[PDB]
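Asker: Counting in PDB author numbering, the final residue of the sequence shown is number 168, and the numbers go up one at a time with none missing. Dropping a structure here in structure tokens format, bear with me for questions.
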Amino acid sequence: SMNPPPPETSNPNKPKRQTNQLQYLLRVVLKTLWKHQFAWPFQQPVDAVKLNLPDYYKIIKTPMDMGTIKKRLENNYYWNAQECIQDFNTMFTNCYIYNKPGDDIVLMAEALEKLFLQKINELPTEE
Ligand SMILES: Cc1sc2c(c1C)[C@@H](c1ccc(Cl)cc1)N[C@@H](CC(=O)NC[C@]13C[C@H]4C[C@H](C[C@H](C4)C1)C3)c1nnc(C)n1-2
């Protein structure tokens, strides 16, 4: 069995900038979800080899995890907040697509997604 390479977190060809919205996404949103008791399955790519999930990367074609998001934010990989918000929504969506309702990992994603929603509701206006 083999894992795919992870999503890129560095690419000099990609336009990027610092925004106050991206600063919020690191200092408030990522920091809140990372420290949560349910963060740990989401803090690095799914290891489909060690978890014995040989179908995972047949069903999940756009993988994403908060380890990737954290490096993207710390490396200033994004152009705008919408790109980073899309990564969070991909991560949650992938968990719901692969798993079934009421599975423990779905309850964990739901608890993280509720905090995510509460924090991005107060995303600051761009300066
Ligand atoms: C490190 C990761 S990543 C990750 C899991 C783990 C352990 C993780 C997980 C699981 C439980 C907790 Cl508390 C927590 C997490 N889940 C995986 C998906 C997965 O293994 N599915 C297989 C089954 C796991 C269980 C339940 C069903 C019946 C049995 C036993 C097999 C399905 C997964 N998906 N998305 C992500 C992200 N994960």
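We put the CB at the ideal spot given by N, CA and C, even for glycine.
How long is the line joining the alpha carbons of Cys136 and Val147, rounded to whole angstroms?
Answerer: 7 Å
Asker: Is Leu92 helix, strand or coil by DSSP?
Answerer: Correct three-state label for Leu92: coil.
Asker: Straight-line CA distance for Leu153 to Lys160?
Answerer: Those two C-alpha atoms are separated by around 11 Å.
Asker: Helix, strand or coil: how does DSSP classify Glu124 here?
Answerer: helix
Asker: For ligand 1, I want to know if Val69 counts as a neighbour, meaning its beta carbon is within less than 7 Å of at least one of the ligand's heavy atoms.
Answerer: Proximity of the beta carbon of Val69 to ligand 1 is not indicated: no heavy atom of the ligand is located closer than 7 Å.
Asker: Would you kindly check if the distance between the Cβ of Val90 and the Cβ of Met43 is under 8 Å?
Answerer: For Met43 and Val90, yes; Cβs fall inside 8 Å.
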